[PDB]
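Visitor: Take this sequence and fold it.
(chains A, B, C and D, ligands or ions: 2)
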Amino acid sequence: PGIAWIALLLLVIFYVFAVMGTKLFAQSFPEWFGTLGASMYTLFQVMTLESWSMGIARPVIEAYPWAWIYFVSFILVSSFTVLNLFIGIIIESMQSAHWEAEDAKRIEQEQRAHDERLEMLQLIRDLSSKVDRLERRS
Amino acid sequence: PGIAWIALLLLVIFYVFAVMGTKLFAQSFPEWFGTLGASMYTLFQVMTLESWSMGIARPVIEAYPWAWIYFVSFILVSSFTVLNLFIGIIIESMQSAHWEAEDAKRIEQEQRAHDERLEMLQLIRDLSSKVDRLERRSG
Amino acid sequence: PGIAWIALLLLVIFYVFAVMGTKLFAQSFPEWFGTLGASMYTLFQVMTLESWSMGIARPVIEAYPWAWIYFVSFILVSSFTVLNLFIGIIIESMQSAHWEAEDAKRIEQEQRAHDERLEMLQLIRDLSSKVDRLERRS
Amino acid sequence: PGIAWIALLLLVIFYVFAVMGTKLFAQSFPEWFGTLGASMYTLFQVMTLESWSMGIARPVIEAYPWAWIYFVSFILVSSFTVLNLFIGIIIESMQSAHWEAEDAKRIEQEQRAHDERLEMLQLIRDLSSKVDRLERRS
Ligand SMILES: [Br-]
Ligand SMILES: [Br-]
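Guide: Numbering: from 1, shown residues only, chains lettered A, B, ... in the order given. Ligands and ions are numbered 1, 2, ... in the order given. Sure, the structure comes next:
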């Protein structure tokens, strides 16, 4: 029903990496990826882009050469998601603030003007046969 | 009076978490939370996402193993709430640029054409009256 | 010329403060604030929020327990500003692809509507004034 | 063709600084700029502002005291390039959310309108005939 529809995806991506991660790293890096609960703190810390490479990534990377793939793919993807959620909430915001509020009038101040043109139509009809019942009564 | 109302909710959160923070951690971390004034600067650093977990929160969590809920809830709450400030501003920014200005130039653009039709609407009724009299005066 | 009126202001504050902190701090921390051009860098990394407190301000604050006003002012101030190039480029951007081309496409559909409405106006007059003429001879 | 047009820019801005970095620091900073990949990563770490100054630039600046150029420039180049891809993505967002329909739904309203306002050019000319034959039938 709107944005929380990626907000689910984000939660899903997240939990996918916490498992992907505890499942490689818990072995040599308990403090970070030991428990599942472990893998999430560490991952939301990565999410905050606070000491992601220097603090967490680089120490794991020298242990597991390929471990960038994980950290980076994760940040790329996980941010590309939040980029949306954000934009989504921008749109979702101004769609309220303005657009809906204004469209309601562009329609209804154009209902008002549609009827205005109708009432002249009728008036010009009625007249128009009076004018040719001066041509039948003359 | 608008978004300025919400930056009161964000000054209350800092306070809720600072008293909460001094009253909790001061004893073992006089560094950060040992007074109020410091437990805010620590909260302002934790808000800027500067070292919040390596420098502050992962040390704290060593001594009280539950304090993550303190920091994860603070980053969330104190972030979501300055998403509102970066939004409501972003909007009442657009609002001045455009909406107020053009929105009013359509109120009037219709106003002016409304009167145009309400003037046409006139003559027409004027003409009817004239044909009507012409009608009666030869029956 | 608009946008860079804030960019010129930001350039200012960067300098206002840069002198500020070379004057106050350059003796106790020559590494960070030694020269002026040394604060120009250091305030650039404070601005991007990289180890600003824990590695710079907290260390200076130990020297001058009131320097936090120097740091917490700059953060707030240079933030609020940095925001408005973003909000400034946003606005001027939307402006390009949409806003400008809309007021034109609309003013001009209203000219036509106006003139169509004008023709009708004169047309009724002449018809009002044939019947004016006809009624006086009747 | 849009934003992946800017996506290549950011990719070719990286590529450049990457080779430039390795051909600059690879002698003294093996772990950071020891190879091309090495630098690509390190720059993503700098690009995400994660620990860039106390960790990379400052300790590098130590050996080449001009290096700030490289780091402070790459920051500004790449972060602006992301502000574009961002914006062109906020706008192409708005477009399909709102501006799409609201511009089509108004052309179709000024169709309705013009037609109505023409419908009565008709009546008003017809009536101007009947009344033109009341003036000659006299
Ligand atoms: Br709009
Ligand atoms: Br009309």
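
Visitor: Check whether stretch A:49-65 comes near chain C.
Guide: No: counting by CB under 8 Å from any CB of the partner chain, chain C has no neighbours in stretch A:49-65; the shortest distance is 9.7 Å. Heads up, the C-betas are built off the backbone N, CA and C, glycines and all.

Visitor: hmm, I was thinking of stretch A:106-121
Guide: No: Stretch A:106-121 does not reach chain C (CB under 8 Å from any CB); its nearest approach is 9.0 Å.

Visitor: Quickly check: that stretch near chain D or not.
Guide: Yes: judged by CB under 8 Å from any CB, stretch A:106-121 and chain D are in contact via A:106, A:110, A:113, A:114, A:117, A:118, A:120, A:121.

Visitor: Please enumerate the strands of chain A.
Guide: With DSSP state E, there are no strands along chain A.

Visitor: if we can go back for a sec, same list, the residues of stretch A:106-121 next to chain D, but only the ones touching chain B.
Guide: A:106, A:113, A:117, A:120.

Visitor: got the contact list for the second one?
Guide: This means residue A:113. By CB atoms under 8 Å, 6 or more residues apart in numbering or on different chains, the contact set of residue A:113 is B:110, B:113, B:114, B:117, D:113.

Visitor: Which ones among the residues you listed map onto helices?
Guide: B:110, B:113, B:114, B:117, D:113 (DSSP state H).

Visitor: Would you mind checking the ones next to chain B among the residues of stretch A:106-121 next to chain D for buried ones?
Guide: Buried members of those, counted by 16 or more other CB atoms under 10 Å in any protein chain shown: A:113, A:117, A:120.

Visitor: got a list of what the closest residue to the second one other than its chain neighbours touches?
Guide: Yep, that's residue A:117 we're talking about. Using CB to CB, 6 or more residues apart in numbering or on different chains and skipping residues adjacent in sequence, the residue nearest residue A:117 is residue D:116, 4.7 Å away. Residue D:116 sits next to A:114, A:117, A:118, A:121 when contact means CB under 8 Å, 6+ apart.

Visitor: Next: residue A:36.
Guide: Shown in contact with residue A:36 (CB under 8 Å, 6+ apart): A:18, A:19, A:22.

Visitor: Report how many residues lie close to the last one.
Guide: This points to residue A:22. Neighbour count for residue A:22, taken as other CB atoms under 10 Å in any protein chain shown: 23.

Visitor: In contact with it, which residues?
Guide: Going by CB under 8 Å, 6+ apart, residue A:22 touches A:33, A:34, A:35, A:36, A:38, A:39.

Visitor: ok, the residue most central in space within chain A - contacts?
Guide: Residue closest to the average C-alpha location in chain A (CA atoms, centre = their mean): residue A:88, at 2.5 Å. Going by CB under 8 Å, 6+ apart, residue A:88 touches A:2, A:3, A:6.

Visitor: Now restrict these to buried residues only.
Guide: For the contacts of residue A:88, buried by 16+ other CB under 10 Å: residue A:6.

Visitor: For chain B, state which of the contacts of residue A:88 is nearest.
Guide: Using CB to the nearest CB, residue A:3 comes nearest to chain B of these, at 12.2 Å.

Visitor: The closest one touches residue A:92, doesn't it?
Guide: Yes: here residue A:3 reaches residue A:92: they are 5.8 Å apart, a contact under CB atoms under 8 Å.

Visitor: among the contacts of residue D:116, who's most crowded?
Guide: residue A:117 (18 neighbours).
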